[PDB]
Number of protein chains: 2
Amino acid sequence: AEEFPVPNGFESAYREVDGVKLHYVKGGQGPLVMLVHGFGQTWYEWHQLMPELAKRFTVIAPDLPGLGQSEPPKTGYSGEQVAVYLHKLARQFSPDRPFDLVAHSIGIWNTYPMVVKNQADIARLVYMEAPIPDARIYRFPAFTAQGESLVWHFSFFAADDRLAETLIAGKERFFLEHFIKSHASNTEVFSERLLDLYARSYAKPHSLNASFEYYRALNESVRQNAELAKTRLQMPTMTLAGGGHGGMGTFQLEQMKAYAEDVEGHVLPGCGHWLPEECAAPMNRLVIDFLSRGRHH
Amino acid sequence: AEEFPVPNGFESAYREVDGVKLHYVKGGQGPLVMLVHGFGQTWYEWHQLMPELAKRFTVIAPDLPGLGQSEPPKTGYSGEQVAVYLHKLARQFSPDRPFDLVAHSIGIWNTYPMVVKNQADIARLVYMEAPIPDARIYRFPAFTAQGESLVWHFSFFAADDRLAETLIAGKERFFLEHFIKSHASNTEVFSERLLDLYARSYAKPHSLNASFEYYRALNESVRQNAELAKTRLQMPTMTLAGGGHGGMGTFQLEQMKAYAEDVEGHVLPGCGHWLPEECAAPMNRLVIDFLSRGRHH
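Criteria and thresholds
Residues numbered from 1 in each chain as written, not as in the entry; some residues may be left out. Chains lettered and ligands numbered in written order. Heavy atoms only, no water. Salt bridge = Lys/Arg side-chain N within 4 Å of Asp/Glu carboxyl O. Helix = DSSP H or I, 4+ residues; strand = E, 2+ residues; numbered from the N terminus. Buried < 20%, exposed > 50% of the residue type's maximum accessible area, 1.4 Å probe, protein only. Axes fitted to C-alpha atoms, helices over the stretch in contact; angles between N-to-C directions. Parallel < 35°, antiparallel > 145°, perpendicular 65-115°, else oblique. Contact = heavy atoms within 4.5 Å. Nonpolar A, V, L, I, M, F, W, Y, C, P; charged D, E, K, R; others polar. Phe/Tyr/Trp six-rings, centres within 6.5 Å; stacked < 30°, edge-to-face > 60°. Buried area = accessible area lost by both parts, 1.4 Å probe. Polar contact = N/O pair within 3.5 Å; in protein donor to acceptor, adjacent residues only side chain to side chain. Core = buried A, V, L, I, M, F, W, Y, C linked by side-chain atoms within 4.5 Å. Pairing = 2+ DSSP bridges. Least-squares fit on C-alpha atoms.

Method of structure determination, per the deposited record: X-ray crystallography was used for this entry, reaching 1.750 Å resolution.

Engineer: Tell me about the pattern of salt bridges, and name the residues and values.
Structural biologist: Within this structure, the stated rule accounts for 33 salt bridges over all chains. With a shortest N-O distance of 3.4 Å, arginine 91 of chain B and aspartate 121 of chain B are connected by a salt bridge. Of this pair, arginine 91 of chain B sits in helix α2 (residues 79–93) while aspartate 121 of chain B sits in the loop between α4 (112–117) and β6 (122–128), and the two are 30 residues apart along the sequence. Its relative accessible area of 22% is what places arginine 91 of chain B among the partly exposed residues. For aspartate 121 of chain B, a relative accessible area of 13% puts it in the buried group. Of the charged contacts in the structure, one is a salt bridge between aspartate 289 of chain B and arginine 285 of chain B, with a shortest N-O distance of 3.1 Å. With a gap of four residues between them, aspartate 289 of chain B and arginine 285 of chain B both fall in helix α13 (residues 280–291), about one helical turn apart. Taken together, the shared-partner salt bridges in this structure form one network comprising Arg173, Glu177, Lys181, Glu192 and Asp196 of chain A.

Engineer: Explain the packing of α2 of chain B against helix α10 (residues 218–228) of chain B to me, and be specific about the residues and the numbers.
Structural biologist: All names here are of chain B. At a closest axis distance of 8 Å, the pairing of α2 and α10 adopts a crossing angle of 75 degrees. With respect to their mutual orientation, α2 and α10 come out roughly perpendicular. Where α2 approaches α10, its residues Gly79, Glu80 and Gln81 are matched on the opposing element by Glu220, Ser221, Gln224 and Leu228. Among the residues making up the contact of α2 with α10, the classes are represented as one nonpolar, four polar and two charged.

Engineer: Now, about the packing of aromatic side chains: what can you tell me, with residues and values included?
Structural biologist: Residues and elements named next belong to chain A. Taken as a whole and judged by the stated rule, the model has 57 aromatic pairs over all chains. Judged by centre distance (5.1 Å) and plane angle (70 degrees), the rings of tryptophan 109 and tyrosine 215 are edge-to-face. Of this pair, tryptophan 109 sits in helix α3 (residues 106–109) while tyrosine 215 sits in helix α9 (residues 205–216), placing them 106 residues apart in sequence. Taking relative accessible area as the criterion, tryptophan 109 reaches 5% and is therefore assigned buried.

Engineer: Mind laying out the interface of chain A and chain B, listing which residues take part and the relevant values?
Structural biologist: A common way to report how large an interface is uses the accessible area buried once the components associate. On the chain B side, the residues contacting the 34 residues of chain A number 33 residues. For the pair chain A and chain B, the two sides together bury roughly 2,700 Å², of which 70% comes from carbon and sulfur. Between the two partners, chain A and chain B, sit zero salt bridges. At the boundary of chain A with chain B, the tally comes to 13 residue pairs in polar contact. Contributions of two or more residues to the side of chain A that touches chain B are made by β7 (143–144), β8 (147–148), α5 (153–158), α6 (163–168), α7 (172–182) and α10 (218–228) of chain A. Its residues assigned to classes, the side of chain A that touches chain B comprises 20 nonpolar, eight polar and six charged.

Engineer: Tell me about the nonpolar core, and name the residues and values.
Structural biologist: With 208 residues, the main nonpolar core has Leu35, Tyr127 and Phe156 of chain A together with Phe156 and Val287 of chain B as its most contacted residues. Once you skip the residues sitting within four places of it in the chain, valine 287 of chain B turns out to touch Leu49, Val102, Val126, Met128, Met238 and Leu240 of chain B.

Engineer: Describe the sheet that holds strand β9 (residues 237–242) of chain B, listing the residues and the values that go with them.
Structural biologist: All names here are of chain B. Strand order in the open sheet made by the eight strands is β1-β2-β4-β3-β5-β6-β9-β10, with mixed pairing throughout. Each of the sheet's edge strands pairs with one partner strand only, and the pair in question is β1 (11–17) and β10 (263–268). Strand-to-strand twist of the sheet, defined as the mean angle between neighbouring strand axes without regard to direction, takes the value 20 degrees. Running over the sheet, α2 touches β1, β2 (20–28), β3 (32–36), β4 (58–62) and β5 (99–104) and is turned about 45 degrees from β2. Relative to β9, helix α11 (residues 251–259) is tilted by about 155 degrees, and along the sheet it contacts β6, β9 and β10.

Engineer: Please give an account of the relation of the copies chain A and chain B that cites residues and values.
Structural biologist: With an axial shift of 0.1 Å and an RMSD of 0.3 Å, the rotation relating chain A to chain B amounts to 178 degrees. The superposition of one copy onto the other is thereby described by a two-fold rotation axis. Measuring from the rotation axis to each C-alpha of chain A, the shortest distance belongs to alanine 142 of chain A, at 1.9 Å. When the interface residues of chain A are mapped onto chain B, 94% of them again lie at the interface, so the same face is used by both copies.

Engineer: Residues and numbers for the sheet that holds strand β6 (residues 122–128) of chain A, please.
Structural biologist: Residue and element names in this part refer to chain A. Read across the sheet, eight strands follow the order β1-β2-β4-β3-β5-β6-β9-β10 without closing on themselves; strand pairing throughout is mixed. Each having just a single partner strand, β1 (11–17) and β10 (263–268) make up the two edges of the open sheet. When the angles between neighbouring strand axes are averaged without regard to direction, this sheet yields 20 degrees. Looking at chain direction, strand β3 (residues 32–36) and strand β5 (residues 99–104) are connected through four bridges and run parallel. Residue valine 33 lies in a different strand from β5, and its bridge partner there is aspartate 100. Most of the contacts of helix α2 (residues 79–93) go to β1, to which it runs at about 115 degrees, and overall it touches β1, β2 (20–28), β3, β4 (58–62) and β5. With respect to the sheet, helix α13 (residues 280–292) is in contact with β3, β5, β6, β9 (237–242) and β10, its orientation differing from that of β6 by roughly 160 degrees.

What follows is the structure, given as structure tokens:
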């Protein structure tokens, strides 16, 4: 039984990668674009972009290990470990061509190491709405003059004693609604039905734990990236960020400038963190146009 | 009924102040010293210091409004509002003479306004283990290279939709053990028996809610103190801070220097946030010695 409805012309399928059964949704023809979701979500956050992209590209949207319908990783949750699974999954479908990569939220954390270590495999890169794990994340404030801050959940989720799972179990829908809307400008896009679907998915006990294990590995990912960042990214890159309440604003592009030689950025006014849902039409257009400057169907 | 055992020779009593029934524990003879507890605790955190102080002073340890056995405040939870209750309580027992003040954690927030507005009523002051509410609190990090940060709970507790009460209700004993131990160096002093006592108190639904209303008023307290701090404190002051895991370190004294003309500070090695319990012998000695420089019984 699918956790989320599959768009017409797409298939929901599974591939074993290093002994981990990964779920993905795939459609289209042409060069490969892999879309990687982030926290609180699944492949389904891309369901509006996928049919438009599928007119020119083969599109694959995996569930991150442990989330959606993907099995947990058997190595670990650090960015370098998870990126192996995503890199090998992409290469099963694009072994002879470089592929495009689009990532949101912790999808960035889980793809950056394989981008930097396999640059010849990455044709074009789109990153939206999350820091690459590095020391900049230690500058975000715990509290603001307007109330709760943007990433205090970094501490909540990384805490031991299974603090987050223990407090959120039995309240998964409640917490996810608060978390989404606290990081949104446009909350009306999150219907009760949509919130129900996302809540049911990450409330699976192994998915609730998987969600926070990404954050419990965050400092390890920072330490990994300190070495990897000695090599700058050379492929064409675009960053997107929300300019409204909940968004990263100018931080996204300014951080990427330290990582990539060839980068352009957009801040979307009136949009928060959840760009594919809050601001689907402009986000879709910017991604499609940026990727279509390359060779496509 | 008594939530915590009263030391021999002390009395547990109540005093109505501006329509709010405040619980306190009182003993000894001589000039008055008021000891004000902080978050996660009650008057009982002072129970090892109180018999020693009571040999030289009249000692009163109130429960903060809404916490322990004290009724919630009727005005509000900002520092200036709550300080009225504590000032009037102290002056009921010391109407013609200045009194001493010792405060820990949010006890600082709830006493600073009455200290600065009634300086002639405060003979000597001891503050430990919390920032005075001001703009400095906006500079603490949400996340650190070691894991959860010191004050990410500011955002958690201040969050709207009763986020904190909704997640923590029914799990108060689990949450308080995690919160206390994660802020401690000498965690071994928090036996299951002691944690049971503290958790049963703040699990009262009005006490769980009161606990977080102090943080929901924090930005208001910051705004209040921006005006009040135009006058420095003139009385002898001492700050204490833990030097170990969970402690404020050098911040406590460095902030206090902006507030007080006459301040000495100590950082206690191997001690975290919970000085009366983690480091009873050195903390009690420092407090008794400092207060005994003034006239006593």
